[PDB]
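Q:
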Amino acid sequence: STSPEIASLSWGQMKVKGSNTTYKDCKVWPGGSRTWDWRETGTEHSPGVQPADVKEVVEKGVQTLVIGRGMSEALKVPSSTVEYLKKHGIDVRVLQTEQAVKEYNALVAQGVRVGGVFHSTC
Numbered sequence: 001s002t003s004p005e006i007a008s009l010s011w012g013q014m015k016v017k018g019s020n021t022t023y024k025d026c027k028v029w030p031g032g033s034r035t036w037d038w039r040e041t042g043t044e045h046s047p048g049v050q051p052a053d054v055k056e057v058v059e060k061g062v063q064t065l066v067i068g069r070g071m072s073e074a075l076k077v078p079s080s081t082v083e084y085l086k087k088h089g090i091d092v093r094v095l096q097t098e099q100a101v102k103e104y105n106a107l108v109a110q111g112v113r114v115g116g117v118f119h120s121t122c
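Here the authors' numbering is used: the first residue of the sequence shown is 1, the next is one more, and so on.
#1: So is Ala-52 buried or exposed if we call it buried at 16+ other beta carbons inside 10 Å?
#2: Under a three-way DSSP split, which group does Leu-75 fall into?
#3: Can you check the segment 2-82 for any beta strand (DSSP E) of at least 3 residues that lies completely inside it and give the ranges in chain order?
#4: So, helix, strand or coil for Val-101, using DSSP?
#5: In this structure, does DSSP put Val-108 in helix, strand or coil?
#6: Looking only at its chain, what residues have a beta carbon closer than 6 Å to the beta carbon of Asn-20, apart from the 5 residues adjacent to it on each side?
#7: Leaving out five residues before and five after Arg-34 in sequence, what residues of the same chain have Cβ atoms less than 6 Å from its Cβ?
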């Protein structure tokens, strides 16, 4: 399957191509996407994105994983998380979300198996 393009991003709102649902935060992978909800993992801005947050993207099979860490990058990303993805042979991009969605879609556009997790507020 193909990584869907992210169709729109604005404050606290995201749309994935071929999704029925307007998300706030989301996970996106080859073949689909889901709402990202910190309550499922107990993720806060600190210590931030956990392996548990990205696990379900990893297990879909991606070469590259983009983390959109928010509009002003207030959401931290522990290095143990990034190293977790690297052990799994994944190219990781950590960026402010606008720049994340932009990178993500360029990877989609060059037919890379790309996934990601995006935070659309602070």
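Beta carbons: idealized from backbone N, C-alpha and C, even for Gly.
A: In brief:
#1: Exposed, by the Cβ-count rule.
#2: Correct three-state label for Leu-75: coil.
#3: Qualifying beta strand (DSSP E) stretches, in chain order: 6-10, 13-16, 25-29, 32-36 and 64-69.
#4: Looking at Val-101 - three-state DSSP - the assignment turns out to be helix.
#5: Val-108: helix per DSSP, three-state reduction.
#6: There are no such residues.
#7: Contacts found: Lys-27.
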